[PDB]
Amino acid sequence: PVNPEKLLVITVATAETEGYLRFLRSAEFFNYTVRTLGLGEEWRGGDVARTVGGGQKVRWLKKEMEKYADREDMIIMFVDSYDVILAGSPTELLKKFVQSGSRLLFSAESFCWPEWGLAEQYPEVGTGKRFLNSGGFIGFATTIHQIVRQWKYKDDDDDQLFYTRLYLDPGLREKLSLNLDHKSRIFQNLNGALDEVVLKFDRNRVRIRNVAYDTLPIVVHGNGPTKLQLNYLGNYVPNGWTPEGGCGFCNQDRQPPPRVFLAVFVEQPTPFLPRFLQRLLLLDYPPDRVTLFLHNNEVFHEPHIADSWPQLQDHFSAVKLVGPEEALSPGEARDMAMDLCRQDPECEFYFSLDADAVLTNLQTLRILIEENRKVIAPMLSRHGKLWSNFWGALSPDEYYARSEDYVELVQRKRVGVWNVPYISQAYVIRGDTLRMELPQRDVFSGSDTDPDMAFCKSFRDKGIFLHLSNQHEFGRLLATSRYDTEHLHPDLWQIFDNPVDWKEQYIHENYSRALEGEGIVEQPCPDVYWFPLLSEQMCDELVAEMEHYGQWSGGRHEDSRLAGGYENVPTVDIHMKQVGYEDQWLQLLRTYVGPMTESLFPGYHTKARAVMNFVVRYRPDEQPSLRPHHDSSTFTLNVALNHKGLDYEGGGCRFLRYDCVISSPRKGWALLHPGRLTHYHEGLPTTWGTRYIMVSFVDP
């Protein structure tokens, strides 16, 4: 058994990149011994991701190997560091090396690179990989020194070609006992073998398994165009995320805070923007340490920004508004906001937030800053759907693709901080990263590529990890796809696209607690129940939308009411189908009135059918009252839309057979009474002002 104290891992790294630190973490997990060559030096090996080169690695290794030229007792493994993670122990590594019977074992790959013609000089192998890969090899220090000492070439010459031609010398190959890891027992190069590699999980550790050769490799090399696939594996292997310990690089549990440049982007008509702007004032971060930048591209949102701008300017240390009259494109606005933080050394963190991002966690900014990453984004999903603000994978031409663990992350079956290829809508970028690693102005612009994609690609080109955290509940994403702005209050029509946000804005705040019991629902008259339904904003906007239409009924008008025999009992009103809001109001009936009715009348079941839905207006000089009658309905919904005294005097509902009077209606509250046989009722005269009510004859 070879002593693990005799094993030395040698790698090359000119800077402590995130890839290098990910490698060191995997090495320290198995208690490896790693000597790093080249830290602080300039990389003279040319463009590594674009062409051949990397000879500077061999030059540095050759100089380092002169100390160990006679050390037969020492085993040395050389690996890359930026795109390599370790998945096995040094004990298992050395046992597999001895089993190989080799004295210097190179990794094998599918492609004969960089000279494809040399592939016939290679020995013929069976199902295994056939050609040498310089990204990783392990052997005796003496044998390695005899190979690397022959290096006499330029810093940008290809290292793999140098090792390949030495391996293709049959005399040298057999004298020094050089070999290749054909079946990936030790080294797993990913390029050309993505469909052979799967994750193998354990309790507190993850590995990869080669399903082609049924092996458990020690070294995972994301060589060539497999960087993102290695990022994916690196989220688990070796102790990234485990079924028992969760993520092992996050903060599972949570004096001046860093100064932050908060940039808000409104690049399309967005629902509930006033609610988004008011939510900025509620973010749990000292506003004296936050600078606000807001780019609005929509003239539709100019009144919204203007309403809240005094409070924003009074809240944050400094504010800046870039409006639609500046003709900025989204890529230009995002370049400008980011460069405003880059050119300010007092900007310690950059926080980009889009209008369709609803942050339910007011501690989002603290949590992401405390995660201490270069770039990190909170996970935000469309409510009840799989769509969210990140991608797990890329198609070969850098387009959307679904990763194998995307659904587990969105559903939060696995939580942590994840290295992902794409993020959007909300992210926190370290300001020093913008200054030292991405100093260019054209991060979002420069191409015909989409700005969101150009931003992520600009960071991936620099080796910057794009982190995504589902460690906490952060928020959701608003549906903005087909937002109809051709209304006086477009957010009234958002009951389908954004139901959660529509409820919080238009459904009464105490509605849910009333539905869950708690003695909020009243019964002022026998079998006439009284519960809060609509918020004051819903009533104010609904009435406003009615008067904006203006076509109130009068004579020649018929309602589904029943007086003495044949008799016409009309109201001055506007029906929901007149204004195009019936489909929306019927959804409110199905979602909110239906379940309330079944709770109050045990035994009754309803789908909330309603042909007659309309808003009644009462006025002393128009029609101030409604004479006794029945309703063509099983039960009737009567919602007060304004305040008694403030907006009108008099009014009220009176149930004759009980001598019971709803003297003082409540704005947004609803009456629930049977419509036939027993509740002959009457609308008491409106003596002053104007009285609005919303009426629905349910289940006719």
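Note that residue numbering follows the sequence shown and begins at 1. Throughout, rigid core stands for the largest set of C-alpha atoms superposing within 1.5 Å between the two forms.
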Worksheet entry | More variable segment, 256-264 or 392-400 [Cα RMS over structures in 7 other deposited structures of this protein, core-superposed] | 392-400
Worksheet, complete the sentence: Top-deviation stretch by C-alpha RMS in 7 other deposited structures of this protein (rigid core reference), from 177-185, 155-163, is 155-163
Fill in: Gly45 not built in a third or more of the other entries
yes
Discussion item. According to the entry, how many residues of the deposited sequence fall between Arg254 and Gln255 and are not modelled? Options: none, 1 to 3, 4 to 9, 10 or more.
Written reply: 4 to 9
Discussion item. Per the record, averaged over C-alpha atoms, which has the higher B-factor: 366-374 or 214-222?
Written reply: 366-374
Worksheet item: In the PDB record, does 1-9 or 690-698 carry the higher mean Cα temperature factor?
Response: 1-9
Discussion item. Comparing recorded Cα B-factors across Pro396, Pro421, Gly431, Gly234, which one is largest?
Written reply: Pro396
Practice prompt. Specify which of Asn470, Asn613, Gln440, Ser110 carries the largest Cα B factor in the deposited PDB entry.
Written response: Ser110
Worksheet, complete the sentence: Temperature factor at the Cα of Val58, chain-ranked in thirds, falls in the middle
Worksheet item: Thinking about Cα B factors across the chain, which third does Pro624 belong to?
Response: middle
Worksheet item: Among the modelled residues of its chain, does the C-alpha B-factor of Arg22 lie in the lowest, middle or highest third?
Response: lowest
Worksheet item: Would the CA B-factor of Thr571 place it in the lowest, middle or highest third of its chain?
Response: highest
Fill in: For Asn31, the third of its chain into which the C-alpha B factor falls
middle
